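Encoded as structure tokens, the structure appears first; notes follow it.
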Amino acid sequence: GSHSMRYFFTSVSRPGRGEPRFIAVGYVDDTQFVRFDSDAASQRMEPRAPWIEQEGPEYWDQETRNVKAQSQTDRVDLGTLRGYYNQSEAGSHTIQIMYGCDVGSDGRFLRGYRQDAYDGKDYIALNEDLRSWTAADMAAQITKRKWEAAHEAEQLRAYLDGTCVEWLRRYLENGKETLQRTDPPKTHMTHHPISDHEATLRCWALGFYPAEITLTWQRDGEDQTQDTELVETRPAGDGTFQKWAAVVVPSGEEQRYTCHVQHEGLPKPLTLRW
Amino acid sequence: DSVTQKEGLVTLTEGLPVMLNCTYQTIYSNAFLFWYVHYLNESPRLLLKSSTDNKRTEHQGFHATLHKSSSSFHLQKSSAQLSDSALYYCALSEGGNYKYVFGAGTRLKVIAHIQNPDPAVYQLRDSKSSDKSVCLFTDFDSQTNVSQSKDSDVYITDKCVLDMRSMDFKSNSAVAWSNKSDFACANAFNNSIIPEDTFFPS
Amino acid sequence: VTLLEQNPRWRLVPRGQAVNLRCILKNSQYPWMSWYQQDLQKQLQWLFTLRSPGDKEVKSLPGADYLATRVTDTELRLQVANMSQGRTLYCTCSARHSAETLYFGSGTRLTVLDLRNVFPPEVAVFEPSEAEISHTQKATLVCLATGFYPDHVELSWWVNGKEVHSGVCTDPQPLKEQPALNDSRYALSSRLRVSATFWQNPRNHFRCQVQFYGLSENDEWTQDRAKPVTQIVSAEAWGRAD
Amino acid sequence: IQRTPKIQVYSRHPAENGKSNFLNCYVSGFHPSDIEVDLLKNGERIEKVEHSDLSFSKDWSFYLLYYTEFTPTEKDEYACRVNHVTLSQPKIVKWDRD
Amino acid sequence: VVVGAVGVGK
């Protein structure tokens, strides 16, 4: 029952049109709570979940400045990778940064992680030990060299078991009412025949939290790893999630197939069938 | 507000311990404080830094310790030396800010302990036209204070301390001159506080 | 030869005019650059911090208007306009945008004046009084440099062709020759004290040097007097046995 | 170096006619990030439509949710119109009360 | 909370 905070950063260029777009979003476990868009009217870091709103103007002042800081070391980097990669200055490009921290059930530091990408390609990532870096090509290999000099490895290690892990706890307490809840998936099955000799069994599940869930279609003990249709768990729009799985079944054998839902908020795996 | 070095100027004899007061005002946890020193004809450079409560930091015989409790970061040195005389700026990073906030500066003017005082006024001649003249008040202890001249056409400088590896005869001196034909070295050092036994040759 | 390179090093500015400064970054891994001002009261103050190419912002403070631009990662420029008060401006970089040691450039001193009042310094060297040498076994040389404007000068002593370190007593501050005007010309004194044995050697050479910071030949001089441009003014004396 | 969006159209709560509800269209797994999505009612472009703040998965692909309040009748069709550089023409996937 | 001091470029 561990918890995590993740900060998602994305920078996309627009040659000529104007300064590139910077969308930064933050996620505590699986709930979004802060937001920053270079294009919104505010020009300031914004709240999204209610329990962070209680923090005062000082929190919004620092947080706006430090995220405006990251926006800028990234405009520069958009162009710098334009150079390293020998790419035209007429094309739009995407840098994606992701980093975050893990705390255990009891508040301890577990692990921290940073991963960066260019145009959807793995670029550099922070290693296991938090003391080394890994470059994906010889172009990022030059960045790896520079960070090894100004010691971005150790001063970022300081952050991931310090400033993040504290404020993660504070985030888990200022909203423990709403971040610690475990909502169980409300399960039911539906049936729609496709032809005479054929029919479809689809096992649905709504309103669960967190999104980790497992729907497994088992025919008399057998996994339909080669016969089942599963969709991406999707957000309902309200802080809970939805996911469904379906299997193609011969018309008249809807009892041989069984569905199993295994979730954190479900006491024991439910096995539902026709 | 923010950073406040209440003492603007500190004057002490060489050999006395040195302390500069610096107080600060933040609303943030991110408290990183700096002492920067800026000598004349140099650039400001870093003297020391810390963000750690009650961690003594030392660098070059100076030290300070951060006390987050009293919003304080006082700069200390065991023994004043002629070489430390400078401007000192204390400054803080509020973490949220991209900028840095400095104080109004504290000037430590270390002066000399004159071992064996011997005040005198001498007259120097011009190496080109002998007529032009200056008066030198030298060999006094650092306690006596210069005065400005009362005449506008008599010019007097402040104290200046000079060193001499020649048996360390370090000593202060100050200069006075005029182009008036009536100025004499006997009356030139007027409004002054010369010791009664101030030497005065013919 | 350093980590930051700032130009121009000094500039006389007539009132209302402009001056452009620029700073060159010498090590790309300290990319956080800033401009700070120092006023005539010796107070330090932050001005701008710009990371990306293309950044422009203006700001007005007492006596000067500012326009800042980061041209690329290593070239930052600064325009000062409509001046009414002298300053020193410093360039800086640091490894992180805050909470790190801030590193200072050599600086650009700006002085506000009317070009027609610039005068180079007159330099005269005074040989020691004999009464001092007789009484104390030492010799104090005096240099008096008089009559100059503005107050940006540098004085040095040279013994047998090398600048000296010991025995130097350069006045802390210039003196106002006409203290009632805020436009008086200035004076600076110095001292050189050496043992009596050293002065009484006519083989020893003493030269008092004043570097003056003035106009450039790219400015024009009109009044009937010599052009007060950047120059050194010297005086000297040789040893005199007995 | 370019990936195509995955589109799902659905309702927030179990669908009941006459009850105000929400229409959701979730587009995930697409690259690069600039994508155009419109929610359609009986072929018409809905005007008041909000979308979530852009984020991405661990495979570096993007994901967005566009939503609007709606009152489902039986005589109403709901659809999603998506155009991307990886998509030749605008692709429309409709809502099934299912 | 976002990282406190953004560092070096790439």
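Throughout, chain A uses Swiss-Prot numbering, with the displayed residues spanning 25-298 in order.
Looks like X-ray crystallography, 3.5 Å, at least that's what the header says.
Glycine residues also receive a Cβ, built from the backbone N, Cα and C atoms like all the rest.
Here Swiss-Prot has A:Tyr31, A:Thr97, A:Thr167, A:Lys170, A:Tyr183, A:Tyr195 binding peptide antigen 1, and the candidate from A:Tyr108, A:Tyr109 in that same listed site is A:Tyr108. When you check Swiss-Prot, the disulphide partner of A:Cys188 from the set A:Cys125, A:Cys227 turns out to be A:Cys125. DSSP assignment over the region 'Alpha-1' (A:25-114) gives 31 helix, 27 strand, 32 coil.
Less than 8 angstroms from the CB of A:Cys188 (disulfide bond) sit A:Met29, A:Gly124, A:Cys125, A:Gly136, each of them six or more residues away in the same chain.
Candidate recorded positions: A:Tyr83, A:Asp140, A:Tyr183. Nearest to A:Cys283 (disulfide bond) by Cα distance: A:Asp140. A:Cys227 (disulfide bond) sits 45 Å from A:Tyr83 (sulfotyrosine), taking the Cα positions as reference. Non-local contacts of A:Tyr83 (sulfotyrosine) by the CB criterion (under 8 A, 6+ apart in sequence, same chain) are absent.
A:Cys188 (disulfide bond) falls within a helical segment according to DSSP.
Closeness to chain E is evaluated for the recorded positions A:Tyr183, A:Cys188, A:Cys227 by Cβ distance, with values under 8 Å counted; counted residues in sequence order are A:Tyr183, A:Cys188. Under the three-state DSSP scheme, A:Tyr183 (peptide antigen 2 binding site) falls in the helix class. A:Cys227 (disulfide bond): 26 other CB atoms within 10 A of its CB, across all protein chains.
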